[PDB]
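A.B. asks: Hey, dropping model12.pdb in here, PDB, C-alpha atoms and all ligand atoms:
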ATOM      1  CA  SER X   3      86.036 -64.070  18.787
ATOM      2  CA  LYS X   4      88.396 -61.998  20.915
ATOM      3  CA  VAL X   5      92.135 -62.629  20.743
ATOM      4  CA  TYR X   6      94.157 -62.312  23.915
ATOM      5  CA  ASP X   7      97.955 -62.525  24.024
ATOM      6  CA  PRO X   8     100.206 -61.196  21.229
ATOM      7  CA  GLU X   9     103.133 -63.231  22.584
ATOM      8  CA  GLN X  10     101.145 -66.460  22.644
ATOM      9  CA  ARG X  11      99.746 -65.787  19.177
ATOM     10  CA  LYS X  12     103.310 -65.293  17.907
ATOM     11  CA  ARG X  13     104.200 -68.884  18.836
ATOM     12  CA  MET X  14     100.718 -70.436  18.599
ATOM     13  CA  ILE X  15     100.280 -73.816  16.916
ATOM     14  CA  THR X  16      96.797 -74.106  15.447
ATOM     15  CA  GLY X  17      94.876 -77.365  15.090
ATOM     16  CA  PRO X  18      95.726 -77.620  11.392
ATOM     17  CA  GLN X  19      99.403 -76.862  12.048
ATOM     18  CA  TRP X  20      99.537 -79.626  14.659
ATOM     19  CA  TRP X  21      97.631 -82.201  12.597
ATOM     20  CA  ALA X  22      99.915 -81.546   9.624
ATOM     21  CA  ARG X  23     102.816 -82.762  11.798
ATOM     22  CA  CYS X  24     101.022 -85.996  12.737
ATOM     23  CA  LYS X  25     101.006 -89.501  11.282
ATOM     24  CA  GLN X  26      98.125 -91.946  10.943
ATOM     25  CA  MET X  27      98.020 -95.744  10.989
ATOM     26  CA  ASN X  28      95.273 -98.337  10.771
ATOM     27  CA  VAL X  29      94.735-100.034  14.148
ATOM     28  CA  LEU X  30      92.322-102.977  14.525
ATOM     29  CA  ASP X  31      89.073-101.904  12.766
ATOM     30  CA  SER X  32      89.865 -98.174  12.930
ATOM     31  CA  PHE X  33      92.902 -95.864  12.960
ATOM     32  CA  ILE X  34      94.984 -93.705  15.284
ATOM     33  CA  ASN X  35      96.293 -90.202  14.589
ATOM     34  CA  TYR X  36      99.522 -89.542  16.470
ATOM     35  CA  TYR X  37     102.606 -87.365  16.677
ATOM     36  CA  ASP X  38     105.944 -89.209  16.408
ATOM     37  CA  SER X  39     109.236 -87.326  16.688
ATOM     38  CA  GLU X  40     111.015 -90.440  15.268
ATOM     39  CA  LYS X  41     114.587 -89.629  16.272
ATOM     40  CA  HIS X  42     116.454 -91.217  19.197
ATOM     41  CA  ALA X  43     114.275 -94.330  19.031
ATOM     42  CA  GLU X  44     116.415 -96.345  21.451
ATOM     43  CA  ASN X  45     113.960 -94.856  23.959
ATOM     44  CA  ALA X  46     110.287 -93.984  23.641
ATOM     45  CA  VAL X  47     108.345 -91.438  25.684
ATOM     46  CA  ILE X  48     104.595 -91.985  25.216
ATOM     47  CA  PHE X  49     102.422 -88.998  26.213
ATOM     48  CA  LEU X  50      98.751 -89.765  27.010
ATOM     49  CA  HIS X  51      96.031 -87.104  27.215
ATOM     50  CA  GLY X  52      92.697 -87.644  28.965
ATOM     51  CA  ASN X  53      89.124 -86.488  28.628
ATOM     52  CA  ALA X  54      88.201 -83.438  26.515
ATOM     53  CA  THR X  55      91.661 -83.137  24.931
ATOM     54  CA  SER X  56      93.905 -84.861  22.370
ATOM     55  CA  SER X  57      97.584 -85.054  21.444
ATOM     56  CA  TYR X  58      97.299 -81.291  20.808
ATOM     57  CA  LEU X  59      97.464 -80.811  24.607
ATOM     58  CA  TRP X  60     101.183 -81.660  24.533
ATOM     59  CA  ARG X  61     102.182 -79.481  21.548
ATOM     60  CA  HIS X  62     104.304 -77.002  23.551
ATOM     61  CA  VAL X  63     105.642 -79.626  25.985
ATOM     62  CA  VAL X  64     107.061 -82.161  23.540
ATOM     63  CA  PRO X  65     109.734 -79.927  21.887
ATOM     64  CA  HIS X  66     111.703 -79.971  25.149
ATOM     65  CA  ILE X  67     111.889 -83.778  25.255
ATOM     66  CA  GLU X  68     112.335 -84.691  21.573
ATOM     67  CA  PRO X  69     116.145 -84.123  21.539
ATOM     68  CA  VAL X  70     116.627 -86.823  24.185
ATOM     69  CA  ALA X  71     114.219 -89.605  23.140
ATOM     70  CA  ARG X  72     111.595 -90.500  20.565
ATOM     71  CA  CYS X  73     108.289 -88.926  21.633
ATOM     72  CA  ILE X  74     104.994 -90.519  20.588
ATOM     73  CA  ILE X  75     101.643 -88.877  21.282
ATOM     74  CA  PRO X  76      98.361 -90.518  20.206
ATOM     75  CA  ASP X  77      94.861 -89.187  19.946
ATOM     76  CA  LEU X  78      92.856 -91.720  21.930
ATOM     77  CA  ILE X  79      90.197 -93.607  19.957
ATOM     78  CA  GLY X  80      87.166 -91.418  19.244
ATOM     79  CA  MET X  81      89.146 -88.294  20.178
ATOM     80  CA  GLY X  82      91.231 -85.772  18.284
ATOM     81  CA  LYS X  83      91.707 -86.879  14.680
ATOM     82  CA  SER X  84      91.750 -90.605  15.443
ATOM     83  CA  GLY X  85      89.163 -92.955  14.048
ATOM     84  CA  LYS X  86      86.133 -94.084  16.019
ATOM     85  CA  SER X  87      85.718 -97.244  18.066
ATOM     86  CA  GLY X  88      84.214-100.039  16.003
ATOM     87  CA  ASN X  89      81.283-100.644  18.358
ATOM     88  CA  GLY X  90      80.856 -97.074  19.613
ATOM     89  CA  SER X  91      81.983 -97.986  23.149
ATOM     90  CA  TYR X  92      84.481 -95.726  24.938
ATOM     91  CA  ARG X  93      85.083 -97.233  28.361
ATOM     92  CA  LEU X  94      88.579 -97.341  29.835
ATOM     93  CA  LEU X  95      89.054-100.896  28.551
ATOM     94  CA  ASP X  96      87.926 -99.881  25.030
ATOM     95  CA  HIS X  97      90.582 -97.166  24.990
ATOM     96  CA  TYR X  98      93.088 -99.687  26.343
ATOM     97  CA  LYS X  99      92.233-102.168  23.557
ATOM     98  CA  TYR X 100      93.025 -99.649  20.811
ATOM     99  CA  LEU X 101      96.009 -98.172  22.650
ATOM    100  CA  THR X 102      97.776-101.515  23.176
ATOM    101  CA  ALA X 103      97.086-102.622  19.595
ATOM    102  CA  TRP X 104      98.661 -99.355  18.446
ATOM    103  CA  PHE X 105     101.732 -99.929  20.665
ATOM    104  CA  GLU X 106     102.328-103.237  18.863
ATOM    105  CA  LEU X 107     102.812-101.355  15.574
ATOM    106  CA  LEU X 108     105.298 -98.715  16.775
ATOM    107  CA  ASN X 109     108.555-100.724  17.070
ATOM    108  CA  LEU X 110     108.909 -99.798  20.722
ATOM    109  CA  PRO X 111     111.927-100.552  22.913
ATOM    110  CA  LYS X 112     111.659-103.109  25.686
ATOM    111  CA  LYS X 113     111.353-100.443  28.403
ATOM    112  CA  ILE X 114     109.049 -97.472  27.733
ATOM    113  CA  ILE X 115     108.681 -94.105  29.463
ATOM    114  CA  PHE X 116     105.103 -92.891  30.012
ATOM    115  CA  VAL X 117     103.875 -89.341  30.585
ATOM    116  CA  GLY X 118     100.236 -89.364  31.659
ATOM    117  CA  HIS X 119      97.638 -86.711  32.413
ATOM    118  CA  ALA X 120      94.314 -87.525  34.130
ATOM    119  CA  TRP X 121      92.675 -90.544  32.445
ATOM    120  CA  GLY X 122      95.792 -90.850  30.291
ATOM    121  CA  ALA X 123      97.700 -91.604  33.472
ATOM    122  CA  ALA X 124      95.158 -94.324  34.342
ATOM    123  CA  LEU X 125      95.846 -95.919  30.949
ATOM    124  CA  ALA X 126      99.610 -95.794  31.556
ATOM    125  CA  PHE X 127      99.238 -97.171  35.090
ATOM    126  CA  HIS X 128      97.035-100.063  33.924
ATOM    127  CA  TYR X 129      99.438-100.835  31.075
ATOM    128  CA  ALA X 130     102.291-100.851  33.586
ATOM    129  CA  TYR X 131     100.443-103.182  35.975
ATOM    130  CA  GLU X 132      99.898-105.655  33.116
ATOM    131  CA  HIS X 133     103.390-105.214  31.578
ATOM    132  CA  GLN X 134     105.632-104.701  34.569
ATOM    133  CA  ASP X 135     108.770-105.580  32.582
ATOM    134  CA  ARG X 136     108.082-102.920  29.925
ATOM    135  CA  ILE X 137     108.312 -99.760  32.059
ATOM    136  CA  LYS X 138     111.399 -97.549  32.325
ATOM    137  CA  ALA X 139     109.799 -94.596  34.157
ATOM    138  CA  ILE X 140     106.426 -92.888  34.661
ATOM    139  CA  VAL X 141     105.636 -89.162  34.753
ATOM    140  CA  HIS X 142     102.147 -88.295  35.973
ATOM    141  CA  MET X 143     100.107 -85.194  36.733
ATOM    142  CA  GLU X 144      96.496 -84.415  37.683
ATOM    143  CA  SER X 145      96.176 -88.166  37.544
ATOM    144  CA  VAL X 146      93.903 -91.014  38.624
ATOM    145  CA  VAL X 147      96.224 -92.330  41.322
ATOM    146  CA  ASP X 148      93.736 -94.280  43.474
ATOM    147  CA  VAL X 149      90.076 -94.908  44.127
ATOM    148  CA  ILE X 150      88.138 -91.839  45.222
ATOM    149  CA  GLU X 151      86.571 -91.798  48.691
ATOM    150  CA  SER X 152      86.181 -88.221  49.960
ATOM    151  CA  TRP X 153      87.913 -85.280  48.277
ATOM    152  CA  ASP X 154      88.002 -82.373  50.727
ATOM    153  CA  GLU X 155      87.561 -79.619  48.129
ATOM    154  CA  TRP X 156      84.925 -81.606  46.184
ATOM    155  CA  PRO X 157      82.390 -82.598  48.868
ATOM    156  CA  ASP X 158      79.643 -82.912  46.228
ATOM    157  CA  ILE X 159      81.621 -85.178  43.873
ATOM    158  CA  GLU X 160      79.202 -88.081  44.386
ATOM    159  CA  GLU X 161      76.179 -85.939  43.509
ATOM    160  CA  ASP X 162      77.959 -84.332  40.549
ATOM    161  CA  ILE X 163      78.922 -87.760  39.209
ATOM    162  CA  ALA X 164      75.387 -89.048  39.795
ATOM    163  CA  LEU X 165      74.136 -86.201  37.595
ATOM    164  CA  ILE X 166      76.644 -87.061  34.857
ATOM    165  CA  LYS X 167      75.652 -90.734  35.094
ATOM    166  CA  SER X 168      71.960 -89.848  34.735
ATOM    167  CA  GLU X 169      70.064 -89.084  31.538
ATOM    168  CA  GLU X 170      70.584 -85.385  32.320
ATOM    169  CA  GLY X 171      74.329 -85.938  32.016
ATOM    170  CA  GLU X 172      73.709 -87.248  28.503
ATOM    171  CA  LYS X 173      72.011 -83.964  27.592
ATOM    172  CA  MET X 174      74.763 -81.913  29.239
ATOM    173  CA  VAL X 175      77.456 -83.645  27.192
ATOM    174  CA  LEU X 176      75.903 -84.895  23.950
ATOM    175  CA  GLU X 177      73.722 -81.821  23.397
ATOM    176  CA  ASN X 178      75.642 -79.059  25.211
ATOM    177  CA  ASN X 179      79.277 -80.310  25.040
ATOM    178  CA  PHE X 180      79.767 -79.705  28.778
ATOM    179  CA  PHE X 181      83.300 -81.071  29.084
ATOM    180  CA  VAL X 182      84.790 -79.291  26.066
ATOM    181  CA  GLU X 183      82.809 -76.044  26.261
ATOM    182  CA  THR X 184      82.626 -75.540  30.041
ATOM    183  CA  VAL X 185      85.018 -77.752  32.026
ATOM    184  CA  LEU X 186      88.012 -77.415  29.692
ATOM    185  CA  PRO X 187      88.246 -73.579  29.653
ATOM    186  CA  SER X 188      87.278 -73.373  33.328
ATOM    187  CA  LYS X 189      90.334 -75.477  34.252
ATOM    188  CA  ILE X 190      92.929 -73.508  32.284
ATOM    189  CA  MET X 191      94.148 -70.368  34.040
ATOM    190  CA  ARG X 192      94.895 -68.382  30.889
ATOM    191  CA  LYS X 193      92.428 -67.725  28.087
ATOM    192  CA  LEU X 194      92.948 -69.950  25.071
ATOM    193  CA  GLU X 195      93.275 -68.137  21.784
ATOM    194  CA  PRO X 196      90.283 -68.819  19.494
ATOM    195  CA  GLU X 197      92.369 -71.062  17.225
ATOM    196  CA  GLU X 198      93.575 -73.109  20.199
ATOM    197  CA  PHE X 199      90.055 -73.614  21.542
ATOM    198  CA  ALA X 200      88.959 -74.483  17.997
ATOM    199  CA  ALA X 201      91.464 -77.360  17.948
ATOM    200  CA  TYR X 202      89.823 -78.840  21.044
ATOM    201  CA  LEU X 203      86.292 -78.203  19.763
ATOM    202  CA  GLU X 204      86.863 -79.590  16.249
ATOM    203  CA  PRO X 205      86.356 -83.337  16.944
ATOM    204  CA  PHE X 206      83.223 -82.537  18.961
ATOM    205  CA  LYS X 207      81.791 -79.605  17.011
ATOM    206  CA  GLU X 208      78.655 -81.532  15.974
ATOM    207  CA  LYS X 209      75.968 -82.415  18.498
ATOM    208  CA  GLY X 210      75.127 -85.946  19.521
ATOM    209  CA  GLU X 211      76.889 -89.298  19.647
ATOM    210  CA  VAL X 212      80.255 -88.020  18.348
ATOM    211  CA  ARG X 213      80.673 -86.560  21.855
ATOM    212  CA  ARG X 214      80.252 -89.986  23.529
ATOM    213  CA  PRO X 215      83.934 -90.304  24.640
ATOM    214  CA  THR X 216      83.611 -87.128  26.704
ATOM    215  CA  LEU X 217      80.581 -88.582  28.539
ATOM    216  CA  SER X 218      81.911 -92.130  28.938
ATOM    217  CA  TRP X 219      85.143 -90.930  30.576
ATOM    218  CA  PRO X 220      83.630 -89.258  33.681
ATOM    219  CA  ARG X 221      81.239 -92.198  34.054
ATOM    220  CA  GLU X 222      84.315 -94.423  34.579
ATOM    221  CA  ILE X 223      85.345 -92.481  37.727
ATOM    222  CA  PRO X 224      86.575 -94.954  40.409
ATOM    223  CA  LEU X 225      84.400 -93.743  43.275
ATOM    224  CA  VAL X 226      84.376 -96.190  46.180
ATOM    225  CA  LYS X 227      80.619 -95.573  46.442
ATOM    226  CA  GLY X 228      79.132 -96.444  43.067
ATOM    227  CA  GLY X 229      82.199 -96.534  40.820
ATOM    228  CA  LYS X 230      82.135 -99.001  37.941
ATOM    229  CA  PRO X 231      83.404-102.199  39.615
ATOM    230  CA  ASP X 232      85.794-103.121  36.800
ATOM    231  CA  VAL X 233      87.474 -99.693  36.873
ATOM    232  CA  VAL X 234      87.597 -99.680  40.676
ATOM    233  CA  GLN X 235      89.396-103.037  40.550
ATOM    234  CA  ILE X 236      91.771-101.821  37.817
ATOM    235  CA  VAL X 237      92.696 -98.780  39.915
ATOM    236  CA  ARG X 238      93.038-100.718  43.183
ATOM    237  CA  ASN X 239      95.304-103.203  41.411
ATOM    238  CA  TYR X 240      97.566-100.637  39.809
ATOM    239  CA  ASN X 241      97.672 -98.501  42.961
ATOM    240  CA  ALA X 242      99.005-101.383  45.062
ATOM    241  CA  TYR X 243     101.546-102.163  42.327
ATOM    242  CA  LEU X 244     102.709 -98.536  42.242
ATOM    243  CA  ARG X 245     102.978 -98.451  46.040
ATOM    244  CA  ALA X 246     105.545-101.280  45.942
ATOM    245  CA  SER X 247     107.398-100.249  42.764
ATOM    246  CA  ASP X 248     110.608 -99.191  44.485
ATOM    247  CA  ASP X 249     112.768 -99.758  41.383
ATOM    248  CA  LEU X 250     110.551 -97.702  39.038
ATOM    249  CA  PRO X 251     111.540 -94.012  38.834
ATOM    250  CA  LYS X 252     108.580 -91.638  38.847
ATOM    251  CA  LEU X 253     108.031 -87.914  38.433
ATOM    252  CA  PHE X 254     104.916 -86.254  39.830
ATOM    253  CA  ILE X 255     104.111 -82.771  38.535
ATOM    254  CA  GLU X 256     101.884 -80.947  41.011
ATOM    255  CA  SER X 257      99.613 -78.174  39.704
ATOM    256  CA  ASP X 258      99.272 -75.002  41.799
ATOM    257  CA  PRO X 259      96.516 -74.374  42.732
ATOM    258  CA  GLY X 260      95.450 -77.385  40.615
ATOM    259  CA  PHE X 261      92.131 -79.220  40.261
ATOM    260  CA  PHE X 262      92.775 -82.842  41.272
ATOM    261  CA  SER X 263      96.215 -82.009  42.724
ATOM    262  CA  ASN X 264      95.067 -81.086  46.248
ATOM    263  CA  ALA X 265      93.269 -84.417  46.677
ATOM    264  CA  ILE X 266      95.813 -86.715  44.969
ATOM    265  CA  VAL X 267      99.209 -85.389  46.093
ATOM    266  CA  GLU X 268      99.107 -87.509  49.266
ATOM    267  CA  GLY X 269      98.334 -90.548  47.128
ATOM    268  CA  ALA X 270     101.173 -89.783  44.733
ATOM    269  CA  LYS X 271     103.570 -89.461  47.698
ATOM    270  CA  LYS X 272     102.734 -93.053  48.662
ATOM    271  CA  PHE X 273     104.540 -94.343  45.554
ATOM    272  CA  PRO X 274     108.263 -94.900  46.266
ATOM    273  CA  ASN X 275     110.975 -93.448  44.029
ATOM    274  CA  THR X 276     109.040 -90.290  43.129
ATOM    275  CA  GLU X 277     110.579 -86.911  42.362
ATOM    276  CA  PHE X 278     108.231 -84.000  43.030
ATOM    277  CA  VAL X 279     107.992 -80.783  41.026
ATOM    278  CA  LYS X 280     105.341 -78.077  40.895
ATOM    279  CA  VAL X 281     104.045 -75.723  38.201
ATOM    280  CA  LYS X 282     101.296 -73.140  37.998
ATOM    281  CA  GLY X 283      97.983 -74.366  36.670
ATOM    282  CA  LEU X 284      94.559 -75.816  37.261
ATOM    283  CA  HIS X 285      93.675 -79.133  35.596
ATOM    284  CA  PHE X 286      94.997 -78.736  32.044
ATOM    285  CA  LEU X 287      98.367 -77.514  33.299
ATOM    286  CA  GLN X 288     100.074 -78.009  29.912
ATOM    287  CA  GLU X 289      98.235 -74.873  28.808
ATOM    288  CA  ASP X 290      99.606 -72.756  31.677
ATOM    289  CA  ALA X 291     103.179 -73.999  32.158
ATOM    290  CA  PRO X 292     104.257 -76.059  29.120
ATOM    291  CA  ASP X 293     107.875 -74.949  29.078
ATOM    292  CA  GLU X 294     108.457 -75.437  32.800
ATOM    293  CA  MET X 295     106.827 -78.864  32.476
ATOM    294  CA  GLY X 296     108.876 -79.751  29.407
ATOM    295  CA  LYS X 297     112.126 -78.777  31.113
ATOM    296  CA  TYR X 298     111.282 -80.786  34.254
ATOM    297  CA  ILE X 299     110.413 -83.846  32.179
ATOM    298  CA  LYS X 300     113.564 -83.487  30.058
ATOM    299  CA  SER X 301     115.761 -83.312  33.170
ATOM    300  CA  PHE X 302     113.996 -86.329  34.690
ATOM    301  CA  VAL X 303     114.364 -88.421  31.513
ATOM    302  CA  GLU X 304     118.039 -87.447  31.211
ATOM    303  CA  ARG X 305     118.670 -88.535  34.805
ATOM    304  CA  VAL X 306     116.817 -91.826  34.267
ATOM    305  CA  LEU X 307     118.899 -92.543  31.164
ATOM    306  CA  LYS X 308     122.149 -91.689  32.954
ATOM    307  CA  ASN X 309     121.405 -93.931  35.948
ATOM    308  CA  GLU X 310     120.492 -97.023  33.890
TER
HETATM  309  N1  LIG V 401      87.213 -84.719  35.316
HETATM  310  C1  LIG V 401      86.045 -84.212  35.723
HETATM  311  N2  LIG V 401      85.887 -82.873  35.731
HETATM  312  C2  LIG V 401      84.696 -82.377  36.063
HETATM  313  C3  LIG V 401      83.616 -83.194  36.401
HETATM  314  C4  LIG V 401      82.273 -82.646  36.710
HETATM  315  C5  LIG V 401      81.143 -83.462  36.709
HETATM  316  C6  LIG V 401      79.886 -82.948  36.973
HETATM  317  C7  LIG V 401      79.736 -81.596  37.244
HETATM  318  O1  LIG V 401      78.497 -81.076  37.485
HETATM  319  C8  LIG V 401      80.848 -80.769  37.257
HETATM  320  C9  LIG V 401      82.099 -81.294  36.992
HETATM  321  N3  LIG V 401      83.760 -84.532  36.424
HETATM  322  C10 LIG V 401      84.957 -85.048  36.097
HETATM  323  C11 LIG V 401      85.057 -86.553  36.152
HETATM  324  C12 LIG V 401      86.223 -87.065  36.977
HETATM  325  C13 LIG V 401      86.988 -88.136  36.536
HETATM  326  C14 LIG V 401      88.027 -88.631  37.306
HETATM  327  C15 LIG V 401      88.321 -88.057  38.527
HETATM  328  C16 LIG V 401      87.575 -86.988  38.974
HETATM  329  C17 LIG V 401      86.534 -86.493  38.205
HETATM  330 CL    CL V 402      86.513 -87.180  33.016
HETATM  331 MG    MG V 403     106.119 -58.000  23.169
HETATM  332 MG    MG V 404      78.719 -77.833  42.905
END
Can you dump the structure from the file as structure tokens?

C.D. replies:
Amino acid sequence: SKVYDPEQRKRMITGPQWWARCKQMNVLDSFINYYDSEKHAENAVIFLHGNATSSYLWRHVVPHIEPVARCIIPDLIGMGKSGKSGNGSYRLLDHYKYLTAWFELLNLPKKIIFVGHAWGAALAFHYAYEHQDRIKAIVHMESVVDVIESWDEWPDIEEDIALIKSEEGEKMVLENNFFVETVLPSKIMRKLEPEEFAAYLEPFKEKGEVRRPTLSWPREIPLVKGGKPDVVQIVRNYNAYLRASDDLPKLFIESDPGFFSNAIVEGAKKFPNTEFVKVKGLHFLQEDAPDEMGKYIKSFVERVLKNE
């Protein structure tokens, strides 16, 4: 494979280098792999990836925030180096079951800070809706902010989701690894070095059912027309909560030109007490502007801690 950027290779963190910095813990009938910076545990900043990725997504972002608060970054169940779900189901509520059980083992403070990307933001938002007294602040980006009606730059979203929900979508993902091999690199502006792509491919290198989480995630999409009713209700509930959460400081990181960002920025602006920043990127913006993102998050967390 070609290599691309001598400067990026100089500071690159491979899959094995990242995993060697992680911890593991049994959770319910399985286990979670996670990064835990440990220090400054009076606060906790929990970073949640979404589909196709793992805790590895945050590897160049977290160093900026670790000096200010304990940073904890799980691989969602069935993803990264975590164990598999006991029944092989990977819906939003399955992820939420393992995630919340893991939280109970971490010795968390009363009020937690969440940093969410994409479906990881949905998990944070649903946790917040159900634990409204446990939230210090929320950072979100390229996130599931609301139900999805008509996205101007994705006029075919309903047909594309119908394909993914059909048996053909199963072949695209389980046989051809569509989300890791096609969507992931297409929505990073730079070229990943081979070792970086290998870290994302590793959990899903074999064909078949091991790739189920990457198919189940898009099938959860909260489309008004045809979205899974339980997810649609979850998102409607947490959206209305966020719209009235005047006391809850938020940071929204817009991606320029972005992937979801164009459609969701209006929705993010409907949540009170939001600071707005912008970085270059498509969907997986951590791969294009990790240091700018890390510095913005660090500043935001520092301000939140000063004001309290
Ligand atoms: N994240 C996605 N990226 C790409 C595609 C996709 C699907 C089919 C296709 O032919 C090309 C791309 N789907 C999602 C699913 C999704 C989840 C939540 C919000 C919005 C989208
Ligand atoms: Cl998805
Ligand atoms: Mg040089
Ligand atoms: Mg198309």

A.B. asks: Where does the PyMOL selection byres (((chain X and resi 215) around 12) and not hetatm) land in this file, that is, which residues does it pick, as a PyMOL selection string?

C.D. replies: chain X and resi 52-56+77-82+86-87+90-94+96-97+121+172+175-176+179+181-182+205-206+210-214+216-222

A.B. asks: Which residue is closest to ligand MG 404 (chain V)? Choose from X:125, X:174, X:70, X:163 and count all atoms listed in the file.

C.D. replies: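 Looking only at the distances to ligand MG 404 (chain V), the closest residue turns out to be X:163.
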
A.B. asks: With all atoms listed in the file as the counted atoms, please give the residues lying no more than 6 Å from region 225-236 of chain X, apart from itself and same-chain residues fewer than 6 positions off, as a list in words.

C.D. replies: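 After dropping sequence-adjacent residues, the list is residues 149, 150 and 151 of chain X.
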
A.B. asks: What is the distance, in Å and to one decimal place, between CA of residue 143 (chain X) and CA of residue 289 (chain X)?

C.D. replies: 13.1 Å

A.B. asks: Please write the residues picked by the PyMOL selection byres (((chain X and resi 307) around 12) and not hetatm) on this file as a ChimeraX atom specification.

C.D. replies: /X:44-47,70-71,113-115,138-139,251,300-306,308-310
